[PDB]
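Enquirer: Okay, handing you the structure first.
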Amino acid sequence: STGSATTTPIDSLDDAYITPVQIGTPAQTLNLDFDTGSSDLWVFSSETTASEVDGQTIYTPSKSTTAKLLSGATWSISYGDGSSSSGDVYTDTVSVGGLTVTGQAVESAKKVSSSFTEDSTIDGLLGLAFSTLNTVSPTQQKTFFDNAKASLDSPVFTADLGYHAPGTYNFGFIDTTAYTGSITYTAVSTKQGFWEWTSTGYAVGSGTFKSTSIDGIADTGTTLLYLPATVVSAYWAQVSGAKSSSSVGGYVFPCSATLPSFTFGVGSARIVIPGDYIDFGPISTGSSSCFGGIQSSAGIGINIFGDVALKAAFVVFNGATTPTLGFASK
Ligand SMILES: Fc1ccc(-c2cn3ccnc3nn2)cc1F
Ligand SMILES: Fc1ccc(-c2cn3ccnc3nn2)cc1F
């Protein structure tokens with residue numbers, strides 16, 4: 001089997017991406033944030049604290065004939081950006097782009113943090129990291145991908161995020177028309193439950209490539225590119241007037257700037273992030289100071305190849321017995 005779903009930026013700056021997901025019988029379609037950095041499928045629901053729902057589409061398990069309460073199961077997750085949610089668990093039929101899993105744990109939110117409430121466009125998350133991170137207690141649950149894997153034509157999914165445009169998540173097959181050149185595969189460590197790999201270095205603009213190991217995770221659920229402070233300082237040094245702002249919370253640059261590209265290494269291959277990909281617009285409405293899409297990972301504790309990096313590539317999440325990552329230009 002296979003699945004293919006379009007993923008769509010939630011706004012004009014690609015601050016996140018949503019992908020429609022069918023849950024229950026009859027189908028309840030919710031727009032979920034596909035997150036290779038977490039491992040919980042959770043949704044706004046009829047159980048969510050009413051004051052914490054503001055525009056989101058909710059899952060109502062009582063209206064699904066295939067929904068079943070997973071007795072005694074609860075979940076609670078906190079994300080790196082400070083956001084959180086918690087609730088109870090159902091199993092139900094979940095379909096993504098034609099690919100169907102029965103008995104998928106659908107984690108129903110009873111509580112969500114303000115950032116989720118204030119995001120009317122995101123109805124929940126669909127985690128695509130390794131199931132070892134799943135927070136359901138007392139019985140850990142499998143991700144959508146884990147459940148689907150055996151049935152897929154190939155135990156893979158691919159992320160093809162668009163720049164200011166829709167893209168695609170595929171399950172079970174590699175669309176050889178969706179990238180240029182070849183896919184370069186690189187080793188993955190699952191020891192922290194992430195799609196963790198080691199980049200072979202970087203370049204700023206037309207600069208020389210710096211060969212250096214950068215361990216990090218491929219995370220569709222993180223918007224920006226977070227890299228070591230050395231690397232990040234070298235990037236923003238090439239932008240006149242760019243500086244790190246403690247008050248804003250990262251590197252900002254004059255909105256009048258033309259940003260240089262940023263290249264990262266995958267083995268001997270190179271993915272080039274165009275400068276435009278690195279502009280996340282005014283820090284506040286009307287400001288001439290813009291927020292940078294490359295930021296320091298110092299204080300996060302891990303380097304994160306988020307959407308800014310991933311959207312420059314066709315990315316293969318190979319869930320074979322020994323997982324790997326593949327990157328191609330496109
Ligand atoms: F510079 C940034 C711009 C947008 C986001 C951002 C992250 N999100 C996660 C779900 N919805 C989100 N919306 N926005 C983060 C940045 F650090
Ligand atoms: F602004 C931030 C953006 C991302 C993370 C963050 C940490 N993570 C650990 C594994 N997955 C993660 N995803 N995200 C933290 C931030 F403070």
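By convention here, the chains of the structure tokens are called A, B, ... in the order presented, each chain's residues are numbered starting at 1, and ligands are numbered starting at 1 in the order presented.
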Please extract the residues at most 7 Å from ligand 2, counting only C-alpha atoms and all ligand atoms, and provide them as a list in words, using the chain letters and residue numbers of this document.

Expert: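 My answer, listing the contacting residues, is residues 37, 38, 79, 80, 81, 82, 219, 221, 222, 300 and 302 of chain A.
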
Enquirer: Please produce a file of those selected residues containing N, CA, C and O atoms, as a JSON list (two decimals), in the first residue's frame.

Expert:
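Result saved to part-v2.json:
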```json
[["chain", "number", "residue", "atom", "x", "y", "z"],
["A", 37, "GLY", "N", 9.68, 15.16, 14.65],
["A", 37, "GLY", "CA", 10.39, 15.41, 15.89],
["A", 37, "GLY", "C", 9.65, 14.93, 17.12],
["A", 37, "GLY", "O", 10.15, 15.06, 18.25],
["A", 38, "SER", "N", 8.46, 14.37, 16.93],
["A", 38, "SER", "CA", 7.71, 13.81, 18.04],
["A", 38, "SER", "C", 6.98, 12.55, 17.59],
["A", 38, "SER", "O", 7.05, 12.17, 16.42],
["A", 79, "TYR", "N", 6.66, 20.23, 24.30],
["A", 79, "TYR", "CA", 7.58, 20.39, 23.18],
["A", 79, "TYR", "C", 8.71, 21.36, 23.51],
["A", 79, "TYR", "O", 8.63, 22.12, 24.47],
["A", 80, "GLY", "N", 9.74, 21.34, 22.67],
["A", 80, "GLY", "CA", 10.94, 22.13, 22.90],
["A", 80, "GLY", "C", 10.68, 23.62, 22.94],
["A", 80, "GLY", "O", 11.43, 24.36, 23.58],
["A", 81, "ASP", "N", 9.63, 24.06, 22.26],
["A", 81, "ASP", "CA", 9.32, 25.48, 22.17],
["A", 81, "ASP", "C", 8.44, 25.95, 23.33],
["A", 81, "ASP", "O", 7.99, 27.08, 23.34],
["A", 82, "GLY", "N", 8.20, 25.06, 24.29],
["A", 82, "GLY", "CA", 7.47, 25.43, 25.49],
["A", 82, "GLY", "C", 6.00, 25.09, 25.44],
["A", 82, "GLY", "O", 5.30, 25.19, 26.45],
["A", 219, "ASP", "N", 13.68, 17.46, 11.44],
["A", 219, "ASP", "CA", 12.45, 17.71, 12.18],
["A", 219, "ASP", "C", 11.46, 18.58, 11.42],
["A", 219, "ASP", "O", 11.58, 19.82, 11.39],
["A", 221, "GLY", "N", 8.61, 19.28, 12.29],
["A", 221, "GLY", "CA", 7.76, 19.98, 13.24],
["A", 221, "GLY", "C", 8.39, 21.23, 13.83],
["A", 221, "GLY", "O", 7.76, 21.93, 14.61],
["A", 222, "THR", "N", 9.64, 21.48, 13.45],
["A", 222, "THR", "CA", 10.32, 22.71, 13.82],
["A", 222, "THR", "C", 10.46, 23.60, 12.59],
["A", 222, "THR", "O", 10.88, 23.16, 11.53],
["A", 300, "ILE", "N", 19.26, 24.92, 23.35],
["A", 300, "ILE", "CA", 18.30, 23.87, 23.01],
["A", 300, "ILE", "C", 18.87, 22.52, 23.39],
["A", 300, "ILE", "O", 18.18, 21.66, 23.94],
["A", 302, "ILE", "N", 20.34, 20.53, 21.16],
["A", 302, "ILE", "CA", 20.41, 19.70, 19.97],
["A", 302, "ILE", "C", 20.30, 20.58, 18.75],
["A", 302, "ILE", "O", 19.62, 21.62, 18.78]]
```

Enquirer: Per residue of chain A within 8 Å of ligand 1, what are the shortest atom pair and its distance in Å to one decimal, counting only C-alpha atoms and all ligand atoms, with rows by chain and residue number, as JSON lines?

Expert:
```
{"residue": "A:13", "atom": "CA", "partner": "ligand 1", "partner_atom_place_in_ligand_line": "3 (C)", "distance": 7.8}
{"residue": "A:14", "atom": "CA", "partner": "ligand 1", "partner_atom_place_in_ligand_line": "4 (C)", "distance": 7.6}
{"residue": "A:15", "atom": "CA", "partner": "ligand 1", "partner_atom_place_in_ligand_line": "4 (C)", "distance": 4.2}
{"residue": "A:16", "atom": "CA", "partner": "ligand 1", "partner_atom_place_in_ligand_line": "12 (C)", "distance": 5.1}
{"residue": "A:17", "atom": "CA", "partner": "ligand 1", "partner_atom_place_in_ligand_line": "11 (N)", "distance": 8.0}
{"residue": "A:33", "atom": "CA", "partner": "ligand 1", "partner_atom_place_in_ligand_line": "10 (C)", "distance": 7.2}
{"residue": "A:81", "atom": "CA", "partner": "ligand 1", "partner_atom_place_in_ligand_line": "7 (C)", "distance": 7.9}
{"residue": "A:115", "atom": "CA", "partner": "ligand 1", "partner_atom_place_in_ligand_line": "11 (N)", "distance": 7.6}
{"residue": "A:116", "atom": "CA", "partner": "ligand 1", "partner_atom_place_in_ligand_line": "10 (C)", "distance": 7.4}
{"residue": "A:119", "atom": "CA", "partner": "ligand 1", "partner_atom_place_in_ligand_line": "11 (N)", "distance": 6.5}
{"residue": "A:122", "atom": "CA", "partner": "ligand 1", "partner_atom_place_in_ligand_line": "11 (N)", "distance": 7.2}
{"residue": "A:221", "atom": "CA", "partner": "ligand 1", "partner_atom_place_in_ligand_line": "9 (C)", "distance": 6.6}
{"residue": "A:222", "atom": "CA", "partner": "ligand 1", "partner_atom_place_in_ligand_line": "7 (C)", "distance": 6.3}
{"residue": "A:223", "atom": "CA", "partner": "ligand 1", "partner_atom_place_in_ligand_line": "15 (C)", "distance": 5.2}
{"residue": "A:224", "atom": "CA", "partner": "ligand 1", "partner_atom_place_in_ligand_line": "17 (F)", "distance": 5.8}
{"residue": "A:280", "atom": "CA", "partner": "ligand 1", "partner_atom_place_in_ligand_line": "1 (F)", "distance": 6.2}
{"residue": "A:291", "atom": "CA", "partner": "ligand 1", "partner_atom_place_in_ligand_line": "1 (F)", "distance": 6.5}
{"residue": "A:292", "atom": "CA", "partner": "ligand 1", "partner_atom_place_in_ligand_line": "1 (F)", "distance": 7.0}
{"residue": "A:293", "atom": "CA", "partner": "ligand 1", "partner_atom_place_in_ligand_line": "1 (F)", "distance": 6.1}
```

Enquirer: Hey, what does DSSP flag as strand (DSSP E or B) within range 112-264 of chain A? Can you give it to me as an MDAnalysis selection string?

Expert: chainID A and resid 112 124:127 137 156:160 167:171 184:187 189 196:204 210:218 225:227 243:245 250:254 262:264

Enquirer: Name the residues in contact with range 320-327 of chain A at a cut-off of 6 Å, using only C-alpha atoms, excluding same-chain residues fewer than 2 positions from it; report them as a ChimeraX atom specification.

Expert: /A:155,183-188,314-318

Enquirer: Quick one: distance from CA of residue 225 in chain A to CA of residue 173 in chain A in Å, one decimal?

Expert: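 We find that CA of residue 225 in chain A and CA of residue 173 in chain A lie 26.8 Å from each other.
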
Enquirer: If we count only C-alpha atoms and set the cut-off at 7 Å, which residues sit around residue 30 in chain A, ignoring sequence neighbours fewer than 4 positions away in its own chain? Please answer as a ChimeraX atom specification.

Expert: /A:20-22,57,123

Enquirer: Check range 273-315 of chain A with DSSP on the backbone and list each residue it calls alpha helix (DSSP H), as a PyMOL selection string.

Expert: chain A and resi 307-310

Enquirer: Write out, as a short mmCIF file (atom, residue, chain, number, x, y, z; two decimals), in the first residue's frame, the residues just selected, with N, CA and C atoms.

Expert:
```cif
data_model
loop_
_atom_site.label_atom_id
_atom_site.label_comp_id
_atom_site.auth_asym_id
_atom_site.auth_seq_id
_atom_site.Cartn_x
_atom_site.Cartn_y
_atom_site.Cartn_z
N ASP A 307 12.16 23.01 9.09
CA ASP A 307 11.56 23.23 7.77
C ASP A 307 12.45 24.08 6.85
N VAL A 308 13.15 25.07 7.42
CA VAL A 308 14.00 25.95 6.61
C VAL A 308 15.00 25.12 5.80
N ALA A 309 15.56 24.08 6.43
CA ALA A 309 16.49 23.20 5.75
C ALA A 309 15.79 22.13 4.92
N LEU A 310 14.80 21.48 5.52
CA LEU A 310 14.15 20.36 4.88
C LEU A 310 13.42 20.78 3.59
#
```

Enquirer: Could you tell me which of A:128, A:204, A:136, A:283 comes closest to residue 171 in chain A if we count only C-alpha atoms?

Expert: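 Between A:128, A:204, A:136, A:283, the residue approaching residue 171 in chain A most closely is A:128.
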
Enquirer: My list of candidates is A:328, A:148, A:53, A:178. Which is closest to residue 269 in chain A when distances are computed with only C-alpha atoms?

Expert: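 When distances to residue 269 in chain A are compared using only C-alpha atoms, the smallest one comes from A:328.
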
Enquirer: Using only C-alpha atoms, can you tell me which of A:93, A:132, A:261, A:56 comes closest to residue 239 in chain A?

Expert: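 Nearest candidate to residue 239 in chain A out of A:93, A:132, A:261, A:56: A:261.
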
Enquirer: Work out how far CA of residue 133 in chain A is from CA of residue 102 in chain A, in Å to one decimal.

Expert: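 For CA of residue 102 in chain A relative to CA of residue 133 in chain A, the distance reads 20.8 Å.
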
Enquirer: So that I can see what lies close to residue 108 in chain A, please list as a ChimeraX atom specification the residues with an atom at most 7 Å from it, counting only C-alpha atoms and leaving out residues fewer than 3 positions away in the same chain.

Expert: /A:42-45,47,87-89

Enquirer: Store the residues picked out above in a file with C-alpha atoms, as an mmCIF file, in the first residue's frame.

Expert:
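Listing of part20.cif after writing:
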```
data_model
loop_
_atom_site.group_PDB
_atom_site.id
_atom_site.type_symbol
_atom_site.label_atom_id
_atom_site.label_comp_id
_atom_site.auth_asym_id
_atom_site.auth_seq_id
_atom_site.Cartn_x
_atom_site.Cartn_y
_atom_site.Cartn_z
ATOM 1 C CA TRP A 42 -3.022 14.096 19.116
ATOM 2 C CA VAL A 43 -6.016 16.158 18.161
ATOM 3 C CA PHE A 44 -8.262 18.928 19.368
ATOM 4 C CA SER A 45 -11.447 17.180 20.372
ATOM 5 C CA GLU A 47 -13.063 16.731 25.116
ATOM 6 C CA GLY A 87 -5.529 14.096 27.411
ATOM 7 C CA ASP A 88 -6.873 10.584 27.046
ATOM 8 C CA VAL A 89 -6.655 8.110 24.179
#
```

Enquirer: Using only C-alpha atoms, which of A:99, A:295, A:191, A:41 sits nearest residue 244 in chain A?

Expert: A:295

Enquirer: Using Å and a single decimal, report how far CA of residue 137 in chain A sits from CA of residue 110 in chain A.

Expert: 15.2 Å

Enquirer: Please identify all polymer residues within 9 Å of residue 213 in chain A, counting only C-alpha atoms, omitting same-chain residues fewer than 3 positions from it, and present them as JSON, numbers by chain.

Expert: {"A": [198, 199, 200, 201]}

Enquirer: Store the residues of this selection in a file with C-alpha atoms, as an mmCIF file, in the first residue's frame.

Expert:
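Saved to result09.cif:
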```cif
data_model
loop_
_atom_site.group_PDB
_atom_site.id
_atom_site.type_symbol
_atom_site.label_atom_id
_atom_site.label_comp_id
_atom_site.auth_asym_id
_atom_site.auth_seq_id
_atom_site.Cartn_x
_atom_site.Cartn_y
_atom_site.Cartn_z
ATOM 1 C CA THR A 198 25.376 13.992 10.995
ATOM 2 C CA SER A 199 25.761 16.729 8.425
ATOM 3 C CA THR A 200 29.189 16.932 6.862
ATOM 4 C CA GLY A 201 29.498 20.719 6.990
#
```

Enquirer: Show me, as a PyMOL selection string, the residues that have an atom within 6 Å of residue 253 in chain A when counting only C-alpha atoms, minus same-chain residues fewer than 6 positions from it.

Expert: chain A and resi 242+289-290

Enquirer: I need the residue nearest residue 5 in chain A from this list: A:275, A:95, A:90, A:210. Use only C-alpha atoms for the distance.

Expert: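 Comparing A:275, A:95, A:90, A:210 against residue 5 in chain A, the winner is A:95.
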
Enquirer: Which is closest to residue 226 in chain A among A:121, A:276, A:297, A:190, if we use only C-alpha atoms?

Expert: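 The answer is A:297, which sits nearest to residue 226 in chain A.
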